[PDB]
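Here the protein sequences come in this chain order: A, B, C and D.
Using our numbering, read the first sequence as starting at 38 and increasing by one per residue.
Using our numbering, read the second sequence as starting at 62 and increasing by one per residue.
Using our numbering, read the third sequence as starting at 32 and increasing by one per residue.
Using our numbering, read the fourth sequence as starting at 4 and increasing by one per residue.
The beta-carbon is built from N, C-alpha and C at its ideal position, and this holds for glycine as well.
Have a look at the structure below before the remarks.
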Amino acid sequence: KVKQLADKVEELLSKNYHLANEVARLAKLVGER
Amino acid sequence: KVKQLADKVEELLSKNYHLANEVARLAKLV
Amino acid sequence: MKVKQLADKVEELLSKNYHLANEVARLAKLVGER
Amino acid sequence: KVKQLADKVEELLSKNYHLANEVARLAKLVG
Numbered sequence: 038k039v040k041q042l043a044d045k046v047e048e049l050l051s052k053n054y055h056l057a058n059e060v061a062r063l064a065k066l067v068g069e070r
Numbered sequence: 062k063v064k065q066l067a068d069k070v071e072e073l074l075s076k077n078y079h080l081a082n083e084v085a086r087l088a089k090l091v
Numbered sequence: 032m033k034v035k036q037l038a039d040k041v042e043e044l045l046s047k048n049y050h051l052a053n054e055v056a057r058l059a060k061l062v063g064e065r
Numbered sequence: 004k005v006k007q008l009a010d011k012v013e014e015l016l017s018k019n020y021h022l023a024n025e026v027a028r029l030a031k032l033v034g
């Protein structure tokens, strides 16, 4: 069903956006001087 | 459109898997 | 002197690591963009 | 004091190597 799949796409776009921000946050912690 | 959305989900799940792996990898570098 | 050479190398590597980490962050945001 | 600074250089080199590898890994995910 389109609605269910559309909701799953939205959820994953959001989750991936936030996980990518976490990669960035951790990278800056590793690089801290 | 169901077909296209299903393919999009498979692609996004792969991106999610890779991003979670990179979070893990960087945490270990801290 | 050896101490000075190494202290300079430490500063150089701190800089390179800081910039590489910023590049990791930049690329992560590209991957994550919606 | 040389021993100490050399040890710090080694740790920073290790970090540098892994950070460069992370740049490579992420660049592959842009596609």
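Query	Result
Beta-carbon proximity check, B:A81 vs A:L56, cutoff 8 Å	yes
Where B:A67 falls, given that 16 or more other Cβ within 10 Å makes a residue buried	exposed
Cβ separation of C:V62 and D:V26, assumed to be a contact under 8 Å, to the nearest whole Å	With a Cβ gap of about 12 Å, C:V62 and D:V26 do not count as contacting.
Proximity below 8 Å, CB of D:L16 to CB of C:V41	no
Rounded separation between C:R65 and A:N53 - CA only	9 Å
Per-residue contacts from A:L42 into chain C (C-beta, under 8 Å)	Here the premise fails: no neighbours, minimum Cβ distance about 17 Å.
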